[PDB]
Structure formats: C-alpha cells, structure tokens
C-alpha cells in the first residue's frame, strides 16, 4: 500500500461524527503553523487539490500562549464572524512571531484596525454572543480529538495528517505529498 496508516496519516481511535470534511487547527504562536501559512501555504494547496464542494474549516487553539492564546482564539472567531480571515492571518502571524508586537488584546485589535476593520465593528463582534459561540465551537472541535499538537489536520473526523512521514528535503514535494494525502483520505 502506497498510503498506509502510521505513515502519511494516523487513524482516530474513536472517530468524531458530524465533523467537517477538512478540519485544520493552528496557533498564531505555533512556529510550524507560521511555516504552513506563509512559507508552504498548506491550506491553499490542499484546497486546490479537492473538489469545489468540499468545505475547509480552520480553527485556532488555546493551549499555546496563555492569556494571549485565548485572546487570539476569540479574535479568530471575530475574523470568522466578519469574514476577514484573509485580511488578518498574515499580520497576526507576523505580529506574534516576526515583529513580536502583539503582546496584548489591544495589539491584536490594532491588527484589525490597520487591516481596514472599523473599530466599532471589531468591538461589537468581539463582545457578541455569536463570537462566544464561535469560540465554543473552535474549542469543541479541538476537544473532540484531544488535540495536543498543531498544526493539525483531520479528514472526516476519522483521519489525522502525519507530516512526520513525508519528505522534507524540498518544500514543494512536501506540500504536494501533504495535499495528495488529504485528497486520498477525502476519498476513503
């Protein structure tokens, strides 16, 4: 078998029902997550290898960064509620890891302000029960698979990507193996 459990992916002991087709977990504090987003563009290359109907879901996690870690998960909920993931992902990553200018909830907000989101919209979304729910959903999804590491990707609540079984001498080969794997799992 060219794909085998334990190599390119692992299988969940207890599967999760009702999960999204493709589910990614990441942390703006997470060094490999910065690489998947800015250097390797994992999500985008996965997306391009799937049918157009497949739903990709990406969630932030709490277990890195203490207080800011949770602030970031609420802010990611704001980003999803407002639909501006594509406007704030890069500045969030660089604020936390490149310039290290994100050191409080107020600096996170600055990112959205600079990115074009009006102060009133941000604060209204930040404090909304819609966002509280989106925070709960992110947490719940993570809880379902006892997530202790990011970046992580799960396919149909049953399969987890195992980047440790993939060649890393070449960034492009590595993301294609990763993307081709997601496609193979999406079809099991």
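Basically, rigid core = biggest C-alpha set you can superpose within 1.5 Å across the two forms. Residue numbers count along the first chain shown, from 1.
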Core-superposed in 5 other deposited structures of this protein, which stretch deviates more in Cα positions, 45-53 or 58-66?
-> 45-53
Core-aligned CA RMS in 5 other deposited structures of this protein: between 22-30 and 159-167 the higher one is 159-167
Average Cα temperature factor in the PDB entry - higher stretch of 149-157, 57-65 | 149-157
Please work out which of 162-170 and 5-13 has the higher mean CA B-factor as recorded in the PDB entry.
-> 5-13
With respect to the C-alpha temperature factors reported in the PDB entry, which of 135, 50, 30, 142 ranks highest?
-> 50
Here the Cα B-factor of residue 177, set against its chain, lands in the third termed lowest
